[PDB]
*Asks:* 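Okay, here's the structure, questions in a sec.
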Amino acid sequence: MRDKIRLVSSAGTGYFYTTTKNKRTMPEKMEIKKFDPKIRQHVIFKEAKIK
Amino acid sequence: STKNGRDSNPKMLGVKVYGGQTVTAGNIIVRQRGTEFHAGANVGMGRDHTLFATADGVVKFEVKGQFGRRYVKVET
RNA sequence: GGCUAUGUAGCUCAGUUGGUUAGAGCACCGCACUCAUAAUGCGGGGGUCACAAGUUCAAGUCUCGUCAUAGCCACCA
RNA sequence: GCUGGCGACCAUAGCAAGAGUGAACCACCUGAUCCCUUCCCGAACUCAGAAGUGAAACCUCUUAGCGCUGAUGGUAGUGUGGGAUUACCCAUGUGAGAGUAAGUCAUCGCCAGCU
RNA sequence: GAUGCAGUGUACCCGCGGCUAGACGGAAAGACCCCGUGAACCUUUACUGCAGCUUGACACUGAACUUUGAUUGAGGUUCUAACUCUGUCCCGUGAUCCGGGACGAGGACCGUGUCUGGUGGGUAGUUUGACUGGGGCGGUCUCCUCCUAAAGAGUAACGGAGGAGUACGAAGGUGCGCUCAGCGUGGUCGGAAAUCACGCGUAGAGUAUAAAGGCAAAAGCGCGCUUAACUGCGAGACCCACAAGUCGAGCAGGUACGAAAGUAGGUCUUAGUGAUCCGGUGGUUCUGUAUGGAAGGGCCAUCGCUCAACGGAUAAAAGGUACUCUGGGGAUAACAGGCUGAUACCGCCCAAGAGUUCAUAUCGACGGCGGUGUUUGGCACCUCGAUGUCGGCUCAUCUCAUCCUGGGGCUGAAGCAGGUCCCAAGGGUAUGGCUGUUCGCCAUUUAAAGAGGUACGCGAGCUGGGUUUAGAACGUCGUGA
RNA sequence: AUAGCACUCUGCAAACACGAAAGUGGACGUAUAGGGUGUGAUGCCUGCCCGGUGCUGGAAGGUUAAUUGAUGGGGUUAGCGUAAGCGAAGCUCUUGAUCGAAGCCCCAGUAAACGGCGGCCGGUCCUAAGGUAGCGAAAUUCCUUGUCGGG
RNA sequence: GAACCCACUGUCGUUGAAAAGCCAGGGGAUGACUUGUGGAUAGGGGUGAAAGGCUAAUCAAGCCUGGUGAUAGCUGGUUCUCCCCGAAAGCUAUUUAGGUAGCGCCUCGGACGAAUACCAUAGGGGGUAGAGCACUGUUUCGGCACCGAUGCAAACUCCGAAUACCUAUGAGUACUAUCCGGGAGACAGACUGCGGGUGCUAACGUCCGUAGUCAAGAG
RNA sequence: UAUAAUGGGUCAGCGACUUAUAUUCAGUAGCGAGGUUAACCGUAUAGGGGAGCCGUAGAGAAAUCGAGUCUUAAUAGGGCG
């Protein structure tokens with residue numbers, strides 16, 4: 001079953017998204033470009049524990 | 001005992017505006033599961049195949065094209 | 001959720017913190033002993049030590065995670 | 001009047017068979033240098049062209065051969081009022097589907113080139 | 001299920017002695033059955049407390065030596081002075097209570113207070129769902145697709161059929177590009193069916209998954225680059241008790257892919273879900289109980305429920321009652337009545353055949369049409385402020401589909417007898433053994449020992465053997481009641 | 001209910017019961033006694049099972065409470081600082097190393113303790129083990145008015 | 001086997017002579033016997049050779065007085081007159097099903113009037129009745145999976161009405177629509193005709209859609 | 001429901017929508033951008049007593065602003081006014 005995780009901005013603003021992933025077929029950490037509204041630019045978001 | 005006895009809630013599909021009526025932009029014209037009708041001039045299509053008006057005017061139905069599709073349009 | 005302990009052939013018990021440089025007893029199969037048998041004696045096959053990674057001249061033997069199972073304890077959306 | 005492009009319309013317009021056109025156009029055609037291309041191939045997409053041909057393909061004409069369109073009349077159903085209860089009948093309004101007679105080898109617009 | 005309604009028959013007015021067929025007669029707001037988010041008592045490995053029992057720490061509680069484990073701990077042996085004696089002696093005292101005194105035996109134990117873990121039907125408070133052709137047992141409870149559904153929407157049954165409680169960083173976006181399935185031919189292994197080449201009619205393929213509505217600008221299938229599976233919104237509509245749900249052009253910012261006009265706010269769509277409360281995590285120009293901070297709270301983002309009885313009564317819950325009780329219901333079951341007639345019983349139609357030939361003397365397969373209201377049933381209309389009995393006894397009354405007796409037709413009717421059908425309801429129509437029996441079997445009779453209705457006639461006329469209260473036992477079931 | 005039988009508990013300030021306690025019964029008794037439980041004169045006797053639950057005896061391994069409080073992380077302010085920020089001590093909020101009993105898990109015994117004494121088609125499987133003597137259509141037998149004999 | 005103590009069978013009695021008896025029979029009758037007087041044990045307690053027995057004609061928890069006017073979604077009852085209007089027995093949810101809440105339906109006040117309805121014209125979508133075999137299934141007889149004749153279908157469709165439904169304009173007739181507030185009741189329905197599911201093309205059966213009547217309506 | 005469903009033998013007397021406080025709506029009276037006192041004092045239904053309450057302004061969780069305010073980077077859009 002897919003697990004929930006957070007994609008946290010690398011700009012230090014603390015902004016994040018939440019999504020799911022299959023840990024069997026994607027063992028590595030997710031990394032994707034997304035829009036950060038606190039700074040109003042596209043930056044890289046990286047996977048972290050949903051906690 | 002029986003193995004039947006289930007059904008789903010109604011979905012209320014169908015034609016909402018008939019030919020010759022006036023509409024304003026945004027009004028929903030047809031609710032449909034598939035494309036029984038197709039979008040003509042000044043008519044838009046939603047993600048669930050809903051047909052809606054994108055201009056003010058009068059609704060018209062017709063049959064057009066080489067496949068004989070049913071079209072709905074809005075005349076200004 | 002916390003703390004412990006196990007998982008070694010065909011079956012079951014060892015080897016347990018380095019240089020492991022995995023054995024023992026029964027299941028078999030063949031041989032020997034006997035007028036014919038057994039017990040016993042000999043030989044062979046039968047695992048690759050739950051795994052995944054890490055330090056290391058030495059890893060089943062140690063550290064990390066993941067499996068399963070067993071025991072005690074804790075759970076006022 | 002022939003040719004090309006773009007539309008209107010979507011079988012009375014289509015499919016199938018038979019025949020015809022190289023002046024121009026169109027098509028087949030030559031080559032793989034350069035631009036570009038094939039999970040291999042200049043087959044397709046692309047460039048440089050003019051020795052050939054109207055064979056193929058496309059367009060045009062003929063044919064009711066399949067297909068398609070299709071009356072009039074009757075029948076089935078049916079709203080209202082009445083009479084009956086295997087679900088029919090009367091008055092009044094409405095009226096198919098199938099089948100028959102018959103029809104069909106389309107009809108228009110804009111631009112450009114030729115005789 | 002009528003003294004009182006309709007039609008009709010009969011009937012002068014009023015007592016007395018008898019009788020019990022009816023007045024659904026009198027008596028007791030049915031005890032059987034169901035319901036109420038009623039009661040009581042009983043049980044237990046239902047839930048949650050408590051008494052009782054027990055464990056350790058601290059206190060009452062002191063002095064000496066010693067032994068042993070990882071500076072501390074645990075252990076042992078002596079001592080008397082706290083403390084104990086339901087042991088002896090003396091006094092108060094004429095006293096087997098009690099107090100004081102002297103001894104003796106124990107002794108830092110036992111025992112008590114506070115805290116703490118275990119056990120705890122001994123005792124206490126409670127819970128133990130609803131739908132339902134009665135209730136129980138079984139099944140079901142939320143979402144999606146089709147039919148029932150009567151050509152707009154909507155529409156029920158314990159009606160007829162199927163699916164869901166997911167998947168995917170590509171199976172999302174964009175630019176460019178491509179057509180399936182089947183068959184017939186030829187061609188190493190290679191065939192019915194692998195891969196290659198060429199023709200023919202064709203959407204019959206595919207669309208992550210069930211079905212339906214769709215799918216050529218393909219919504220089907222490939223390749224390159226990518227993150228719009230964005231942030232702030234949002235004119236206007238659909239649907240709707242509420243709470244919710246659905247579609248959406250367009251504006252601003254940042255972005256991807258295209259030469260460009262442009263396309264993109266997840267996937268052809270419709271299932272893949274859970275309110276509030278209480279808390280956790282990241283931010284924040286809010287608040288901060290004298291003031292400055294802080295704790296705590298607020299706002300934005302997000303996490304924890306098979307709360308599946310899926311609008312979710314608590315954080316936390318099973319059973320018995322024949323020892324029973326109260327409020328209600330003929331809204332709802334068991335008896336008798338009613339409606340119906342599947343079943344049952346009786347009658348008829350056709351007639352393969354059987355009967356030495358011969359369908360019809362007598363039987364009559366395969367099929368068809370009725371009648372009655374006796375059986376087993378279906379429904380739930382009357383009665384739960386009571387219509388109170390399975391057989392026997394006593395006493396009956398009616399029907400005819402006739403058991404005997406009476407009158408006939410036919411016969412595979414010699415006579416005697418029998419078989420079958422028609423007419424006929426005047427009278428008649430067994431006693432015992434077994435069992436509570438109705439029934440049945442048996443013995444022995446008779447001209448015969450008929451079939452049915454009457455609240456399965458008759459208990460305000462009798463009984464009370466059976467069933468169905470309270471006692472007790474066996475088999476079986478349950479941990480137990 | 002009973003005489004008879006058996007198991008078990010109790011060493012005396014007895015076990016046990018009443019009571020909040022003081023105290024009282026047991027008993028002015030002392031294991032040939034007293035309490036609880038089951039069976040029920042007498043004759044012949046009383047089979048197998050300790051896997052479950054209970055009771056009795058062990059073990060010092062795992063887990064675990066109160067108490068104790070080692071470390072670590074925040075709040076506050078002297079001071080340092082242009083600033084941001086840094087920041088002792090003292091108070092204070094929180095975290096929880098070590099010590100820690102019984103119980104349970106583990107090992108034996110016990111049925112005149114509560115309980116159990118098979119299933120499937122000669123075998124098989126599974127058990128803790130698969131009914132000994134005696135009796136049997138019985139106060140127990142559905143089928144069932146079983147079958148035979150007697151009356 | 002008398003007294004005395006019991007209570008096995010039967011008749012009678014049952015508004016009794018009697019709120020447990022009389023009569024005729026029956027059991028024990030020197031013992032675990034019967035009886036007088038005075039004492040002890042008190043309600044989740046006592047006592048019981050054990051029946052849930054007894055504890056003042058009361059016992060699966062005595063009686064009396066207080067909490068107390070306990071609570072009851074249940075049953076009953078609710079008292080003078082006239083005038084106007086006038087329902088529902090549905091949907092949704094509910095430890096909900098004979099209770100309740102929002103909406104639908106009634107009444108009163110205010111605002112506002114033609115925005116409403118009936119009918120006639122004009123515009124519009126459909127997949128039912130019927131029909132058919134072009135798809136999906138199913139059927140019969142010929143010929144060589146296909147061809148020719150022939151049937152059937154709630155979950156088949158190459159087709160396809162009448163009605164119903166939505167919109168615009170218009171004559172005539174009508175106190176019509178709509179909005180804002182006060183007060184409700186009701187959420188057990190029944191039969192008949194038409195279209196159906198279920199049942200047996202049974203039921204005064206049962207469950208829906210639609211119209212009429214009863215409910216709440218006399219002649 | 002004539003019902004064979006409930007209740008009443010008859011008469012006379014008694015027998016069931018109340019009271020206090022709060023709140024909302026409708027009438028009616030006074031005053032009117034204002035209206036009104038409570039406890040209390042008081043030879044006491046008068047007269048004093050203005051503390052307090054309702055109306056006159058909204059938006060936002062709040063700090064804050066105010067005919068505006070919240071949301072937002074936004075004077076755009078939108079919600080409440």
Side-chain angles (χ1 to χ4, degrees):
Chain A
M1 169 208 80
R2 312 174 63 89
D3 265 306
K4 286 205 256 312
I5 38 78
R6 303 213 330 284
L7 296 177
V8 180
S9 184
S10 39
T13 81
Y15 198 79
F16 65 94
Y17 293 86
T18 58
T19 190
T20 88
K21 89 167 188 185
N22 190 342
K23 229 164 286 293
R24 312 297 290 310
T25 74
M26 258 187 60
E28 69 275 28
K29 288 230 181 243
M30 218 183 132
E31 209 169 288
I32 187 165
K33 274 230 271 173
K34 285 218 165 264
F35 177 77
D36 194 327
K38 316 262 289 283
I39 56 131
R40 291 217 263 151
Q41 304 157 54
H42 269 76
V43 301
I44 292 209
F45 285 63
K46 194 186 306 104
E47 196 221 71
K49 288 71 37 193
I50 180 76
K51 216 148 50 159
Chain B
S1 171
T2 171
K3 299 199 119 293
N4 314 310
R6 299 166 298 283
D7 211 333
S8 53
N9 298 329
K11 296 289 181 289
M12 266 90 51
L13 304 167
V15 168
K16 302 311 179 175
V17 179
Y18 295 83
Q21 298 185 224
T22 78
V23 284
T24 56
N27 289 2
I28 288 169
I29 305 166
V30 184
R31 289 281 211 189
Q32 45 178 21
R33 193 49 76 228
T35 47
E36 320 205 32
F37 296 90
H38 287 260
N42 301 316
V43 176
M45 203 207 159
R47 62 172 299 274
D48 72 356
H49 316 289
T50 300
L51 295 190
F52 61 92
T54 66
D56 283 50
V58 171
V59 172
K60 211 166 127 43
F61 288 85
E62 64 209 326
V63 172
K64 287 218 153 333
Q66 58 194 120
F67 326 78
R69 319 218 271 211
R70 296 178 281 179
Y71 279 95
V72 69
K73 72 192 235 73
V74 171
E75 314 182 85
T76 89

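Letters A, B, ... are given to chains in the order of the sequence lines, protein chains preceding strands, and every chain is numbered from 1.
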*Asks:* How would the sugar of C:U16 be described, north or south, if a positive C1'-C2'-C3'-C4' means north and a negative one means south?
*Replies:*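 Negative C1'-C2'-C3'-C4' torsion, south pucker.
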
*Asks:* From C1'-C2'-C3'-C4' alone, north or south for the sugar of E:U306?
*Replies:*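 Torsion sign negative, so south.
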
*Asks:* Looking only at whether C1'-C2'-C3'-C4' is positive or negative, is the sugar of E:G341 north or south?
*Replies:*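 Of the two classes, E:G341 takes south, because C1'-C2'-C3'-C4' is negative.
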
*Asks:* Just checking A:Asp36: base, sugar-phosphate only, or nothing, at a heavy-atom cut-off of under 4.0 Å?
*Replies:*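 If one applies the 4.0 Å heavy-atom cut-off, A:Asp36 turns out to touch nothing in the nucleic acid.
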
*Asks:* What pucker do you get for D:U62 when you go by the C1'-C2'-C3'-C4' torsion?
*Replies:*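 Judging by the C1'-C2'-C3'-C4' torsion, which comes out positive, the sugar of D:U62 sits north.
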
*Asks:* Mind checking B:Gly34 for me? I need base, sugar-phosphate or nothing, with any heavy atom below 4.0 Å counting as a touch.
*Replies:* base

*Asks:* Which nucleotide, E:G169, E:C143, E:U148, lies nearest any side-chain atom of B:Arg6?
*Replies:*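 Nucleotide nearest to B:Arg6's side chain: E:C143.
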
*Asks:* Determine which nucleotide pairs with E:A74, using a 3.5 Å limit on both distances of a Watson-Crick or G-U wobble pair.
*Replies:*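 Partner of E:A74: E:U67.
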
*Asks:* Return the pairing partner of G:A186 with a 3.5 Å limit on both distances, Watson-Crick or G-U wobble; otherwise return none.
*Replies:*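 Matched G:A186 with nothing under the 3.5 Å cut-off.
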
*Asks:* Give B:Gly14 one of three labels, base, sugar-phosphate or nothing, depending on what nucleic acid heavy atoms sit under 4.0 Å from its own.
*Replies:*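 Counting heavy atoms under 4.0 Å across all strands, no contact is made by B:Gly14.
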
*Asks:* In the structure shown, which nucleotide is the Watson-Crick or G-U wobble counterpart of C:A27, with both distances under 3.5 Å?
*Replies:* none

*Asks:* I want to verify a distance call: between E:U145, E:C158, E:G304, whose nearest atom is closest to the A:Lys4 side chain?
*Replies:*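 Between E:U145, E:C158, E:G304, the one nearest the side chain of A:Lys4 would be E:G304.
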
*Asks:* What is the distance, rounded to the nearest whole Å, between atom CZ of B:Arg69 and atom P of E:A218?
*Replies:*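 Distance check: B:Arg69 CZ to E:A218 P gives 12 Å.
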
*Asks:* Rounded to the nearest Å, what distance is computed from the CD1 atom of residue A:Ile32 to the P atom of nucleotide E:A170?
*Replies:* 10 Å

*Asks:* Within the pair A:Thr18 and E:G282, is there a side-chain N or O less than 4.0 Å away from OP1 or OP2?
*Replies:*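 The answer is no; no side-chain N or O of A:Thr18 sits under 4.0 Å from OP1 or OP2.
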
*Asks:* Taking E:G104 first: does it form a Watson-Crick or wobble pair with E:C477, both atom distances below 3.5 Å?
*Replies:* no

*Asks:* Hey, does B:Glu36 reach any base, or is it just sugar-phosphate, or nothing, if we go heavy atoms under 4.0 Å?
*Replies:*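 Sugar-phosphate, no base atom in range.
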
*Asks:* If you check the A:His42 side chain, which of E:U255, E:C247, E:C215 turns out closest?
*Replies:*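 So the nucleotide nearest the side chain must be E:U255.
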
*Asks:* Compare the minimum distances between each of E:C215, E:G139, E:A161 and the side chain of B:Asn4, then state the nucleotide with the smallest one.
*Replies:* E:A161

*Asks:* Using the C1'-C2'-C3'-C4' dihedral sign as the criterion, classify the sugar of D:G20 as north or south.
*Replies:*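 Judging by the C1'-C2'-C3'-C4' torsion, which comes out positive, the sugar of D:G20 sits north.
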
*Asks:* Look at the side chain of B:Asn27 and decide which nucleotide, out of E:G236, E:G253, G:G125, has an atom nearest to it.
*Replies:*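 So the side chain of B:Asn27 is nearest to E:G236.
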
*Asks:* Please state how far atom CE in A:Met1 lies from atom P in E:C168, giving the value in whole angstrom units.
*Replies:*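 Distance check: A:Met1 CE to E:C168 P gives 11 Å.
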
*Asks:* Please give, in whole Å, the distance from E:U227 P to A:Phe35 CZ?
*Replies:*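 Value for this atom pair: 15 Å.
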
*Asks:* Please verify, for E:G262 and E:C410, whether Watson-Crick or G-U wobble pairing holds with both distances under 3.5 Å?
*Replies:* no

*Asks:* Take atom CG of B:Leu13 and atom P of E:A153, then tell me their distance rounded to the nearest Å.
*Replies:*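 Interatomic distance, CG of B:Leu13 to P of E:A153: 9 Å.
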
*Asks:* When both hydrogen-bonding distances must be under 3.5 Å and the geometry is Watson-Crick or G-U wobble, what is E:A193 paired with, if anything?
*Replies:*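 The answer is none; no pair meets the criterion.
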
*Asks:* B:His49 side chain: which of E:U231, E:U155, E:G213 is closest?
*Replies:*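 Among the listed nucleotides, the one closest to the side chain of B:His49 is E:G213.
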
*Asks:* Counting any heavy atom closer than 4.0 Å, what does B:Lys64 reach on the DNA or RNA strands: base, sugar-phosphate only, or nothing?
*Replies:*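 The residue B:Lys64 makes sugar-phosphate contact but no base contact.
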
*Asks:* For E:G371, what is the paired nucleotide under Watson-Crick or G-U wobble rules, both distances under 3.5 Å?
*Replies:*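 Paired with E:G371, as far as the under-3.5 Å criterion goes, is E:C345.
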
*Asks:* Given the structure, is E:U429 a Watson-Crick or G-U wobble partner of E:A380 (both distances under 3.5 Å)?
*Replies:* no

*Asks:* Counting N and O atoms only, with roles assigned by atom type, does the side chain of B:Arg70 sit under 3.5 Å from a partner on the main chain of B:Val63, one being a donor and the other an acceptor?
*Replies:* no

*Asks:* So B:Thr35, base contact, sugar-phosphate only, or nothing? Heavy-atom distance under 4.0 Å.
*Replies:* base

*Asks:* So does B:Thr50 reach the base of E:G248 with its side chain, donor to acceptor, closer than 3.5 Å?
*Replies:*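 A donor-acceptor contact between them is absent.
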
*Asks:* Applying the 3.5 Å rule to both hydrogen-bond distances, is there a Watson-Crick or wobble pair between G:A168 and G:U47?
*Replies:* no

*Asks:* On a plain distance test, is the side chain of A:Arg6 in donor-acceptor contact with the base of E:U302 below 3.5 Å?
*Replies:*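 Side chain to base: no pair present.
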
*Asks:* Checking all strands, does A:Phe16 fall into the base, sugar-phosphate, or nothing category for heavy-atom contacts under 4.0 angstrom?
*Replies:*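 Answer is base: heavy atoms of A:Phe16 come under 4.0 Å of a base.
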
*Asks:* Dump the pairs, protein N or O against N or O of nucleotides 162-169 of chain G, anything under 3.5 Å, distances to one decimal.
*Replies:*
| residue | atom | partner | partner atom | Å |
| --- | --- | --- | --- | --- |
| G:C166 | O2' | B:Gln21 | OE1 | 2.9 |

*Asks:* Give the rounded distance in Å between these two atoms: CE of A:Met30 and P of E:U227.
*Replies:* 12 Å

*Asks:* Is there a Watson-Crick or G-U wobble pair between E:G328 and E:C34, both distances under 3.5 angstrom?
*Replies:* yes

*Asks:* Using Watson-Crick or G-U wobble geometry with both distances under 3.5 Å, which nucleotide pairs with H:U19?
*Replies:*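 Paired with H:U19, as far as the under-3.5 Å criterion goes, is no nucleotide at all.
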
*Asks:* Considering Watson-Crick and G-U wobble pairs with both distances under 3.5 Å, what does E:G296 pair with?
*Replies:*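 Paired with E:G296, as far as the under-3.5 Å criterion goes, is E:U287.
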
*Asks:* Base, sugar-phosphate alone, or nothing: which one does A:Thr20 contact when heavy atoms must sit under 4.0 Å apart?
*Replies:* base

*Asks:* What is the pairing partner of E:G135, taking Watson-Crick or G-U wobble pairs with both distances under 3.5 Å in any strand?
*Replies:* none

*Asks:* Is there a Watson-Crick or G-U wobble pair linking C:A32 and C:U40, both distances under 3.5 Å?
*Replies:*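 Yes, C:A32 pairs with C:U40, since both Watson-Crick or G-U wobble distances fall under 3.5 Å.
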
*Asks:* Give a yes or no on this: more than 12 heavy atoms of other residues, nucleotides or ligands lie within 6.0 Å of atom NZ of A:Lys23.
*Replies:* yes

*Asks:* Answer yes if E:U140 and E:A130 form a Watson-Crick or G-U wobble pair with both distances under 3.5 Å, and no otherwise.
*Replies:* yes

*Asks:* Looking across every strand, which nucleic acid part, if any, lies under 4.0 Å from B:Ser8 by heavy atom: base, sugar-phosphate, or nothing?
*Replies:* base

*Asks:* What distance, rounded to whole Å, do you find between the two P atoms, one in G:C144 and one in E:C200?
*Replies:* 31 Å

*Asks:* Determine, stepwise, if the pair A:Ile5 / A:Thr19 fulfils side chain to side chain contact (heavy atoms under 4.5 Å, CB included).
*Replies:* CA-CA 6 Å; A:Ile5 38 78; A:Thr19 190; 3.5 Å; yes

*Asks:* For B:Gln32 and E:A219, what is the distance between atoms CD and P respectively, to the nearest whole Å?
*Replies:* 17 Å

*Asks:* Provide the distance between the two P atoms, one in D:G97 and one in D:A76, to the nearest whole Å.
*Replies:*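 Those two atoms are separated by 16 Å.
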
*Asks:* If you look at every strand shown and take non-hydrogen atoms under 4.0 Å, does B:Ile28 touch a base, only sugar-phosphate, or nothing?
*Replies:*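 Base, at least one base heavy atom under 4.0 Å.
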
*Asks:* Which value, in whole Å, describes the distance between the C1' atoms of nucleotides E:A208 and E:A313?
*Replies:* 43 Å

